[PDB]
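Undergrad: Below is one structure. I have some questions about it.
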Amino acid sequence: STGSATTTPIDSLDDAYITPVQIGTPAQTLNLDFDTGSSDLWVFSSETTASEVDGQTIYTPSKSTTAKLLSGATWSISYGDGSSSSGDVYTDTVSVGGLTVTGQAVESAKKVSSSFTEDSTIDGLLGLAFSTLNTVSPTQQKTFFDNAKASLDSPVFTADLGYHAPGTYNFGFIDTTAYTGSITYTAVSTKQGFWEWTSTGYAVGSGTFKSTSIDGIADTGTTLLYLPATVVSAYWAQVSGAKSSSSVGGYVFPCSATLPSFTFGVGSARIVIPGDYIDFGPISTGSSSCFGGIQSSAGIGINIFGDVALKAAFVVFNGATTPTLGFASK
């Protein structure tokens, strides 16, 4: 089997992407944030504290003839940005882009933190990291991809995120029309539960490539590109007036600037992030100070190849017995 679904930016800055997901019988369609940096599929639901729902579409298990309470199971997750959610668990039928899993753990939120409430466009998350990170207790549950794997024509999914435009998540096949040149594959460590790999270096604008190993994770659920302070300093040093602001919480730059591109290495290959991809607009409405899309990972504890990086590429998440990552230009 295969699946293919369109993923759409939630706003004009590509702060995140939502992908329609059919849950239950008859289908309830929710728009979920596909997240390769976590491993829970959770949704706003009829069980979510009423004051914490504001415009989201909810999953109502009682209206699904295929929903079954997973007795005793609870979940609780906190994300790198400080947001969190928690609740109980149903199994139900979940379909993505024509691809159907029966018995998928659907994690029903009883509580969500303010940032989820405040985002009416995201109805939940669909985790695509490794199942070892799944927070369901006392019986850990498998991701959607893990459950679908055996049925897929090929044990892979691909992320093709758009810049200010829709893109695609495909399951079970590689669309050879969706990229240019070849796909370069690189090794993955699953030891932390992430799609963790090692970039072979970087360049700033038309500058020469610096060969240096940068361990990080391919994370569709993170907006920006988080890299070592040395790298990030080298990038922003090429932008007149750019500075790190503790009051704003990272690098900002004059909105009048033209940003340089940023290149990262995948083995011997190179992925170029256009400078426009690194502009995340005024820090506040009407401000002439703009927020940078490349930020320091110092104090995160890990480098994150988030949407800023991934949307410049066609990315293959290969879940074969020995997982790997593939990157192509597009």
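Chain labels follow the order of the structure tokens: the first chain is A, the next B, and so on; residue numbering restarts at 1 in every chain, and ligands are counted from 1 in their shown order.
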Assign secondary structure with DSSP using the backbone only, and return the residues of range 87-170 of chain A in strand (DSSP E or B) as an MDAnalysis selection string.

TA: chainID A and resid 87:96 99:112 124:127 137 156:160 167:170

Undergrad: Please provide the set of residues having any atom within 8 Å of residue 243 in chain A, restricted to only C-alpha atoms, with same-chain residues fewer than 4 positions apart removed, written as a PDB file with N, CA and C atoms, in the first residue's frame.

TA:
ATOM      1  N   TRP A 236      25.174  35.107  10.717  1.00  0.00           N
ATOM      2  CA  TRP A 236      24.580  36.407  10.927  1.00  0.00           C
ATOM      3  C   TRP A 236      25.619  37.520  10.811  1.00  0.00           C
ATOM      4  N   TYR A 251      18.518  35.719  17.352  1.00  0.00           N
ATOM      5  CA  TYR A 251      19.014  36.628  16.337  1.00  0.00           C
ATOM      6  C   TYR A 251      17.883  37.323  15.599  1.00  0.00           C
ATOM      7  N   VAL A 252      18.022  38.643  15.496  1.00  0.00           N
ATOM      8  CA  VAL A 252      17.123  39.501  14.731  1.00  0.00           C
ATOM      9  C   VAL A 252      17.961  40.259  13.727  1.00  0.00           C
ATOM     10  N   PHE A 253      17.310  40.805  12.714  1.00  0.00           N
ATOM     11  CA  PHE A 253      18.021  41.535  11.681  1.00  0.00           C
ATOM     12  C   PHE A 253      17.119  42.612  11.096  1.00  0.00           C
TER      13      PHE A 253
END

Undergrad: For range 167-215 of chain A against range 265-281 of chain A, with a cut-off of 9 Å and counting only C-alpha atoms, what is the closest atom pair and its distance in Å to one decimal for every residue that makes the cut, ordered by chain and number, as CSV?

TA:
residue,atom,partner,partner_atom,distance
A:183,CA,A:269,CA,9.0
A:184,CA,A:269,CA,6.7
A:185,CA,A:266,CA,7.7
A:186,CA,A:267,CA,6.6
A:198,CA,A:266,CA,7.9
A:199,CA,A:265,CA,5.2
A:200,CA,A:265,CA,4.7
A:201,CA,A:265,CA,4.9
A:202,CA,A:265,CA,5.9
A:203,CA,A:265,CA,8.6
A:205,CA,A:275,CA,8.2
A:209,CA,A:265,CA,8.7
A:211,CA,A:265,CA,8.3

Undergrad: For the residues selected in the previous step, produce a file with C-alpha atoms as an mmCIF file, in the first residue's frame.

TA:
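Just written: result.cif:
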data_model
loop_
_atom_site.group_PDB
_atom_site.id
_atom_site.type_symbol
_atom_site.label_atom_id
_atom_site.label_comp_id
_atom_site.auth_asym_id
_atom_site.auth_seq_id
_atom_site.Cartn_x
_atom_site.Cartn_y
_atom_site.Cartn_z
ATOM 1 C CA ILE A 183 19.050 11.393 -3.424
ATOM 2 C CA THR A 184 22.027 11.276 -1.089
ATOM 3 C CA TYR A 185 21.575 8.890 1.805
ATOM 4 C CA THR A 186 23.293 9.311 5.164
ATOM 5 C CA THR A 198 25.536 14.057 10.900
ATOM 6 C CA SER A 199 25.812 16.863 8.373
ATOM 7 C CA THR A 200 29.218 17.175 6.742
ATOM 8 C CA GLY A 201 29.441 20.962 7.021
ATOM 9 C CA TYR A 202 28.146 24.320 5.837
ATOM 10 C CA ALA A 203 28.594 27.450 3.765
ATOM 11 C CA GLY A 205 26.148 32.648 0.949
ATOM 12 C CA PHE A 209 32.346 25.279 2.383
ATOM 13 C CA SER A 211 33.951 20.748 6.401
#

Undergrad: Compare A:229, A:165, A:136, A:259 by their minimum atom-to-atom distance to residue 206 in chain A, counting only C-alpha atoms, and give me the closest one.

TA: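 Distance minimum relative to residue 206 in chain A lands on A:259.
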
Undergrad: Pick from A:224, A:13, A:187, A:217: nearest to residue 322 in chain A, with only C-alpha atoms counted?

TA: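 Under the stated criterion, the closest residue is A:187.
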
Undergrad: Can you list, as a PyMOL selection string, every protein, DNA or RNA residue that comes within 8 Å of residue 30 in chain A when you count only C-alpha atoms, leaving out same-chain residues fewer than 4 positions away?

TA: chain A and resi 20-23+57-59+123-124

Undergrad: Convert the current residue selection to file output with C-alpha atoms, as an mmCIF file, in the first residue's frame.

TA:
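Final file, selection-v7.cif:
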data_model
loop_
_atom_site.group_PDB
_atom_site.id
_atom_site.type_symbol
_atom_site.label_atom_id
_atom_site.label_comp_id
_atom_site.auth_asym_id
_atom_site.auth_seq_id
_atom_site.Cartn_x
_atom_site.Cartn_y
_atom_site.Cartn_z
ATOM 1 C CA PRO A 20 -5.590 16.214 6.935
ATOM 2 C CA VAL A 21 -6.047 12.913 8.793
ATOM 3 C CA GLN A 22 -9.170 10.745 8.836
ATOM 4 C CA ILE A 23 -9.915 9.263 12.262
ATOM 5 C CA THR A 57 -11.698 20.543 15.295
ATOM 6 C CA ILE A 58 -12.214 17.818 17.880
ATOM 7 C CA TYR A 59 -12.215 14.041 17.771
ATOM 8 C CA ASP A 123 -6.035 19.967 15.819
ATOM 9 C CA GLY A 124 -3.230 17.743 17.122
#

Undergrad: To one decimal in Å, tell me the separation between CA of residue 282 in chain A and CA of residue 12 in chain A.

TA: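 Taking CA of residue 282 in chain A as the start and CA of residue 12 in chain A as the end point, the length is 12.2 Å.
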
Undergrad: Calculated over only C-alpha atoms, which of the candidates A:244, A:238, A:29, A:137 has the smallest distance to residue 87 in chain A?

TA: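 Looking only at the distances to residue 87 in chain A, the closest residue turns out to be A:137.
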
Undergrad: For the contact check between range 171-237 of chain A and range 145-155 of chain A, emit one row per residue of range 171-237 of chain A within 10 Å, containing the shortest atom pair and the distance in Å rounded to one decimal, counting only C-alpha atoms, chain then rising number order, as CSV.

TA:
residue,atom,partner,partner_atom,distance
A:171,CA,A:152,CA,7.3
A:172,CA,A:154,CA,4.7
A:173,CA,A:154,CA,5.9
A:174,CA,A:154,CA,8.6

Undergrad: Just checking: using only C-alpha atoms, which residue out of A:237, A:27, A:310, A:67 ends up closest to residue 220 in chain A?

TA: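 Checking each of A:237, A:27, A:310, A:67 against residue 220 in chain A, counting only C-alpha atoms, the winner is A:310.
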
Undergrad: Quote the spacing between CA of residue 48 in chain A and CA of residue 113 in chain A in Å to one decimal place.

TA: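 Value for the CA of residue 48 in chain A-CA of residue 113 in chain A distance: 11.1 Å.
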
Undergrad: Give me, as an MDAnalysis selection string, the residues of range 102-280 of chain A that a backbone DSSP run labels alpha helix (DSSP H).

TA: chainID A and resid 114:117 144:148 229:236

Undergrad: Kindly export the residues of the current selection with N, CA, C and O atoms, as an mmCIF file, in the first residue's frame.

TA:
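So the final result, stored in result_20.cif, reads:
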data_model
loop_
_atom_site.group_PDB
_atom_site.id
_atom_site.type_symbol
_atom_site.label_atom_id
_atom_site.label_comp_id
_atom_site.auth_asym_id
_atom_site.auth_seq_id
_atom_site.Cartn_x
_atom_site.Cartn_y
_atom_site.Cartn_z
ATOM 1 N N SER A 114 -1.290 26.444 26.826
ATOM 2 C CA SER A 114 -1.840 27.610 26.167
ATOM 3 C C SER A 114 -1.433 27.729 24.699
ATOM 4 O O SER A 114 -2.249 28.159 23.876
ATOM 5 N N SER A 115 -0.203 27.347 24.344
ATOM 6 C CA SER A 115 0.231 27.566 22.968
ATOM 7 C C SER A 115 -0.584 26.709 21.992
ATOM 8 O O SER A 115 -0.810 27.107 20.838
ATOM 9 N N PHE A 116 -1.047 25.547 22.438
ATOM 10 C CA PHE A 116 -1.893 24.726 21.571
ATOM 11 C C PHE A 116 -3.279 25.363 21.464
ATOM 12 O O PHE A 116 -3.834 25.501 20.366
ATOM 13 N N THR A 117 -3.821 25.791 22.595
ATOM 14 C CA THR A 117 -5.122 26.449 22.622
ATOM 15 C C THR A 117 -5.127 27.639 21.674
ATOM 16 O O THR A 117 -6.067 27.851 20.909
ATOM 17 N N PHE A 144 2.040 5.802 13.822
ATOM 18 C CA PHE A 144 1.317 5.515 12.600
ATOM 19 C C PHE A 144 2.221 4.844 11.555
ATOM 20 O O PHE A 144 1.840 3.865 10.916
ATOM 21 N N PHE A 145 3.414 5.394 11.360
ATOM 22 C CA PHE A 145 4.343 4.836 10.390
ATOM 23 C C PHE A 145 4.740 3.413 10.770
ATOM 24 O O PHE A 145 4.771 2.518 9.922
ATOM 25 N N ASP A 146 5.036 3.208 12.049
ATOM 26 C CA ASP A 146 5.407 1.882 12.528
ATOM 27 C C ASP A 146 4.300 0.873 12.278
ATOM 28 O O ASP A 146 4.561 -0.265 11.902
ATOM 29 N N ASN A 147 3.060 1.285 12.489
ATOM 30 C CA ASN A 147 1.937 0.381 12.308
ATOM 31 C C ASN A 147 1.716 0.101 10.833
ATOM 32 O O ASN A 147 1.320 -1.004 10.459
ATOM 33 N N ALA A 148 1.957 1.097 9.986
ATOM 34 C CA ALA A 148 1.732 0.921 8.547
ATOM 35 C C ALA A 148 2.864 0.167 7.835
ATOM 36 O O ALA A 148 2.657 -0.365 6.745
ATOM 37 N N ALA A 229 26.523 27.622 18.089
ATOM 38 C CA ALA A 229 26.667 29.068 18.143
ATOM 39 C C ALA A 229 27.750 29.584 17.188
ATOM 40 O O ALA A 229 27.612 30.670 16.626
ATOM 41 N N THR A 230 28.827 28.822 16.997
ATOM 42 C CA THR A 230 29.871 29.214 16.041
ATOM 43 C C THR A 230 29.312 29.385 14.617
ATOM 44 O O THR A 230 29.594 30.368 13.926
ATOM 45 N N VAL A 231 28.526 28.412 14.182
ATOM 46 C CA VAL A 231 27.944 28.403 12.836
ATOM 47 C C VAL A 231 26.975 29.569 12.644
ATOM 48 O O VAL A 231 26.997 30.276 11.612
ATOM 49 N N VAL A 232 26.125 29.761 13.649
ATOM 50 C CA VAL A 232 25.070 30.762 13.587
ATOM 51 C C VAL A 232 25.695 32.158 13.612
ATOM 52 O O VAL A 232 25.267 33.048 12.884
ATOM 53 N N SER A 233 26.729 32.334 14.422
ATOM 54 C CA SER A 233 27.451 33.602 14.453
ATOM 55 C C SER A 233 28.039 33.871 13.073
ATOM 56 O O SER A 233 27.930 34.984 12.547
ATOM 57 N N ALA A 234 28.663 32.855 12.474
ATOM 58 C CA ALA A 234 29.265 33.030 11.147
ATOM 59 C C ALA A 234 28.203 33.445 10.117
ATOM 60 O O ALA A 234 28.479 34.235 9.207
ATOM 61 N N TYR A 235 26.985 32.923 10.252
ATOM 62 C CA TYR A 235 25.932 33.277 9.294
ATOM 63 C C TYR A 235 25.513 34.734 9.484
ATOM 64 O O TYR A 235 25.507 35.521 8.530
ATOM 65 N N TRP A 236 25.174 35.107 10.717
ATOM 66 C CA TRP A 236 24.580 36.407 10.927
ATOM 67 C C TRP A 236 25.619 37.520 10.811
ATOM 68 O O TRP A 236 25.254 38.674 10.622
#

Undergrad: Pick out the closest residue to residue 195 in chain A from this set: A:39, A:93, A:208, A:85. Count only C-alpha atoms.

TA: A:39

Undergrad: What lies within 10 Å of residue 254 in chain A using only C-alpha atoms, ignoring chain neighbours under 4 positions off, as a list in words?

TA: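 Here the answer would be residues 239, 240, 241, 242, 243, 258, 259, 281, 282, 287, 288, 289, 290, 291 and 292 of chain A.
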